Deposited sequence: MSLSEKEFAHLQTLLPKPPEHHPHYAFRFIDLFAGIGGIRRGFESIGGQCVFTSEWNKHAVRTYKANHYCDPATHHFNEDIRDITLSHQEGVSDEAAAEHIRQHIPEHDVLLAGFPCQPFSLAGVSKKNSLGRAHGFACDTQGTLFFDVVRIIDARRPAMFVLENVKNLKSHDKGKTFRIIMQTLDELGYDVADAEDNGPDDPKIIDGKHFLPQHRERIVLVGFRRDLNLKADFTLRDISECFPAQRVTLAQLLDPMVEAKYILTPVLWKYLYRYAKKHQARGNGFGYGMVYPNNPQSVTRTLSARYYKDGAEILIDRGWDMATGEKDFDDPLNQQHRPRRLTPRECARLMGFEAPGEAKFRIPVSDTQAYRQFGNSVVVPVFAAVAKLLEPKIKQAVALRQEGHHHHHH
């Protein structure tokens, strides 16, 4: 069928990992690519879960799903001590070598109790309960400046107190290696912060730094044009009414010209579903004629278009140039939301590459 298929090295895997707030599998794809086995996944969005399952091999004998992480950590339940919560977590989440989480950005309004009331607390409770050798957390580019630096400070203190060393923890200047831009791999602007932790007692970090991420860049970055399909359906062209709205608005959208091989799109946002405004593909519009007379019949044959879901899946790294392997079982609007909420896959394939030898050390340590 169209059911996802196991990798070549199945049923023998190099390491085990879990996948928290997984969305549609972005971080997971990097780690699979070095032989990892996902043994647990957590994601609240049902449409996202649908896409995830159509695209990743999930054997119910060695893997399971959770929707609401609190049902496992019991963080919304009083009278449950830390140790009983920990024991309950271990019933649902198996031992793993690497923990992956894209938690969202929340203030610690209640300020390991400074973090209560946020998903980060659920993440930290799971880390305590299962002591993975390594973790990788993913978050907004401006984590350091959020809520006047309170949020980042608390996050870094809590990670340190768990007994983890975070990669490049002491470099928080304007050059922070923790901030990684997807634009070095794919033609889209997209900075995110990446927190890679190593359990201190394994003494694994050694000389690891994210500065080395540059060694993973492609010699030649694929251009935007190469990510585009030849014929696109008519529905992706903007309606007369929306184009004029957007165009007037900009006089008191981000256009991309694909014939310019250097062009880099704006971030594909969660907002993208609304109109496509941030990334419009030019189709021969003549700016002089539009300013001369906006409804000109020939010029009106050349309104810009939206990206298609297939083109979003390429721009995030879920799908190769010229290919159509990524199954999109949701409406266009649902696909735009999910792509605008993911991480850029090759960013995390690269982080996984820099980790692969460490993870091997870690597996070998515990196999003793």
item	value
Deposited-sequence stretches lacking C-alpha coordinates, listed in sequence order	1 to 12, 124 to 137, 279 to 287, 404 to 410
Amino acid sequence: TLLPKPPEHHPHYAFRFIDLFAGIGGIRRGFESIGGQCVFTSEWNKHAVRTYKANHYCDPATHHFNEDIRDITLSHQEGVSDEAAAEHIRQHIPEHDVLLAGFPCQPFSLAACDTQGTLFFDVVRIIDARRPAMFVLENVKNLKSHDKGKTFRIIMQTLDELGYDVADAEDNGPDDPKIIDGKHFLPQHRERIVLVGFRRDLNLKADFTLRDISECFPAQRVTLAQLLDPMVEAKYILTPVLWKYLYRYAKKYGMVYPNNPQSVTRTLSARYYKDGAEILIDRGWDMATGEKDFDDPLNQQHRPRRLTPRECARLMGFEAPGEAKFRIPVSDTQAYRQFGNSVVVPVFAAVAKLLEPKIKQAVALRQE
From here on, numbers count along this sequence of modelled residues.
property: Segment of higher mean CA temperature factor, 67 to 75 or 286 to 294; result: 286 to 294
property: Of 135 to 143 and 84 to 92, the stretch whose C-alpha atoms average the higher B-factor in the entry; result: 135 to 143
property: Highest-ranked of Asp181, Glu278, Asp97, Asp171 once sorted by CA temperature factor in the record; result: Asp171
property: Largest Cα B-factor, entry values, listed residues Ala313, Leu307, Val330, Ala61; result: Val330
property: Within-chain third of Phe40 by Cα B-factor, per the entry; result: lowest
property: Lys274 - which third its CA temperature factor falls in, relative to the rest of the chain; result: highest
property: CA B-factor placement of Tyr247, once the chain's modelled residues are sorted into thirds; result: middle
property: Where the record places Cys216 (Cα B-factor, split into thirds across the chain); result: highest
property: Ranked C-alpha temperature factor of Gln300 among modelled chain residues, by third; result: lowest
